[PDB]
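The data below hold one chain only, encoded as structure tokens and taken in the form deposited in one PDB entry.
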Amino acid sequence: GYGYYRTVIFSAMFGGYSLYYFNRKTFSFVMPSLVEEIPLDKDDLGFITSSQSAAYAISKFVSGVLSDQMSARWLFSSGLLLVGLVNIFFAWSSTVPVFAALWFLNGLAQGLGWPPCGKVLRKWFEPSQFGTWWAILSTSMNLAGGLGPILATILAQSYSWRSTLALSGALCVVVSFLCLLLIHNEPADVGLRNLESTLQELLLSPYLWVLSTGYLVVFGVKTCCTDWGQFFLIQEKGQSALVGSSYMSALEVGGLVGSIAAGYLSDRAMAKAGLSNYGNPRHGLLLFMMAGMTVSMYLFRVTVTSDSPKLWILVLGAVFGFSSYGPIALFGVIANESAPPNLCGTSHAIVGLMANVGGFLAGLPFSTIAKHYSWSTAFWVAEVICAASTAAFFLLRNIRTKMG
């Protein structure tokens, strides 16, 4: 009788996470029609966004460490209420400091979304199907971000800005009780069945640092290419400004399909596996996609000129997105799967912590080296770094897998 329970649990988690991500960018969704009532500038916008980003960055790690002990049913609902209440309070106030102080709590509550879902997925679904549903659930954020602007446009036309956030908060509070009532933390509670590791042992496993370095390199390269690619294409390749938007759209469209396909293929690879404590069945795609990333970077840098047509650029962007948005999901799955059953949350939190520094590296230093020599001089550096990391991961493949 696993079918009904799995269906209802996944539906509840999908709706809950869609609402969590929708109630995170609602400020940006309603921003246009908010300056006429309260006169602001770009500095206030930066202040609020920075406060939210810092709060989210801290809360992700804190929640990831905490969720290993507290229930994964009383977090996924408490965070959603808090988000809804903060949204309502934002709706019923109009001044910069209350906005800045409320959005900090918004981010702090937003940080409590994923770890409970990951824990429930690990302790409910099969070990050979844990990557497909992970990838499918990850697309709720994409769906919310792609459909939200349209709903905001058709809603704020017939109402005001304070008339939208109140409804969003009411919806969040209403659905919080449903997600609390429907989610079962473990299959043993109902009456079904499913199938000694200190934290120091987790911190004393080389595989964790290998995964951390891989995630750092992949995320840094992706951030660099998705940030300064338009500037490279508009100031060195002599292309029209129109091709940048198409290039980014192709990159995102390819990335979504890449994530889903990587999840499904890695899950399929596990069925035909001679389970052991050495190696990893998901390592084939964790290397093939990185090689594809390097090849696509080389082709984008070398064989692109004003003579090149639009189709070539679109294909290159799609291939780069397909090869770039997959290894991130695979790193997440591997870090949340190769850990002791009572320490899944901590390992994922430590791996994800290694991404803020990657973003910082992909930020100002890249602009500095571009300012000193050129854009191509920095893209070549990124290329060689990625190639060296791919090689190093290639030789270091049979390292011990099970942490602890």
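Just count from 1 along the sequence shown to find any residue number.
*Asks:* Indicate yes or no: is residue 277 absent from the model in at least a third of the other PDB entries of this protein that were compared?
*Replies:* Comparison shows residue 277 dropped in at least a third of the other entries.
*Asks:* Checking the other PDB entries with both flanking residues built, is residue 109 absent in a third or more?
*Replies:* That residue is present in all of the other compared entries.
*Asks:* If you count the residues of the deposited sequence that sit between residue 150 and residue 151 but have no coordinates, do you get none, 1 to 3, 4 to 9, or 10 or more?
*Replies:* Unmodelled stretch: none, continuous chain.
Just so you know, the form deposited in another entry exists too; it's not on screen, but the next bit is about it.
*Asks:* Between residue 254 and residue 144, does the Cα distance in that other deposited form come out closer or farther than in this form, changing by 3 Å or more?
*Replies:* Compared with this form, residue 254 and residue 144 lie closer in that other deposited form.
*Asks:* Note whether the distance between the C-alpha atoms of residue 221 and residue 45 decreases (closer) or increases (farther) in that other deposited form, against the displayed form; the change is 3 Å or more.
*Replies:* Result: closer.
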